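Structural description and commentary
Chain by chain, the residues:
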Amino acid sequence: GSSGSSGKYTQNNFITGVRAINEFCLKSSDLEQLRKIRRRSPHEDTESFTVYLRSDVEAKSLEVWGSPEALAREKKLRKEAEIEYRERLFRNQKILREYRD
């Protein structure tokens, strides 16, 4: 059989690969360099994936960029981006309906 994946965003003890490569902005060769954990094969006969340790990926960003501040510079933008979106949406939703519109 087969099985796709889920969307949305969520933080846990473990972080996906592509999720860290896009967030921490690293190289595919760097991630693979880290320890490859498969949750001790929590489910067989099904397409699995490799997960990395948040603590490990963190250092990988400091050893490359040099410091966590260098990366934060890019994180800020991506962060404010979503805010700028939901922002205009907030006022568009309003608290309720009042008077004509």
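Conventions adopted
Residues numbered from 1 in each chain as written, not as in the entry; some residues may be left out. Heavy atoms only, no water. Buried < 20%, exposed > 50% of the residue type's maximum accessible area, 1.4 Å probe, protein only. Helix = DSSP H or I, 4+ residues; strand = E, 2+ residues; numbered from the N terminus. Arc of directions from axis to C-beta. Contact = heavy atoms within 4.5 Å. 1 Å grid on protein atoms, 1.4 Å probe; cavity = no way out; pocket = protein on both sides within 12 Å on 5 of 7 lines; lining within 4 Å. Points joined across faces, edges and corners; volume = space filled by probe spheres on them. Nonpolar A, V, L, I, M, F, W, Y, C, P; charged D, E, K, R; others polar. Salt bridge = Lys/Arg side-chain N within 4 Å of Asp/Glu carboxyl O.

**Examining helix α3 (residues 54–64)**
Of the residues making up α3, those classed as buried are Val57, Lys60 and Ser61. All buried residues of α3 fall inside an arc of 100 degrees around its axis, so they share one side. With respect to the buried face of α3, the exposed residues turned more than 90 degrees away are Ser55 and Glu63. On the buried face of α3, the contacting elements are β1 (14–16), α1 (17–23), α2 (28–33), β2 (51–53) and α4 (68–93).

**Quick look at the layout of surface pockets**
In this model, the largest pocket occupies a volume close to 1,600 Å³. For the lining of the largest pocket, the secondary structure elements donating two or more residues are β1, α1, α3 and α4. A per-element tally of the lining of the largest pocket places α4 first, with eight residues. By residue class, the composition of the lining of the largest pocket is 11 nonpolar, 13 polar and 13 charged.

**Some words on the environment of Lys27**
Along the chain, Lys27 falls in the loop between α1 and α2. When the C-alpha atoms of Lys27 and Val64 are compared, they prove to be 9.6 Å apart, with 37 residues separating the residues in sequence.

**Quick word on the pattern of salt bridges**
Overall, the coordinates contain three salt bridges when judged by the stated rule. Salt-bridge contacts for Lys60 lead to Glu63; the nearest nitrogen and oxygen are separated by 3.4 Å. Here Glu63 and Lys60 lie together in helix α3, a separation of three residues that amounts to about one turn. According to the relative accessible area criterion, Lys60 is buried, its value standing at 11%. Note that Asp101 and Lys94 form a salt bridge whose closest N and O atoms lie 4.0 Å from each other. The exposure class of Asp101 is exposed, given its relative accessible area of 75%. Looking at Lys94, the relative accessible area reads 49%, which means it is partly exposed.

That's the geometry; what it means functionally is another story.
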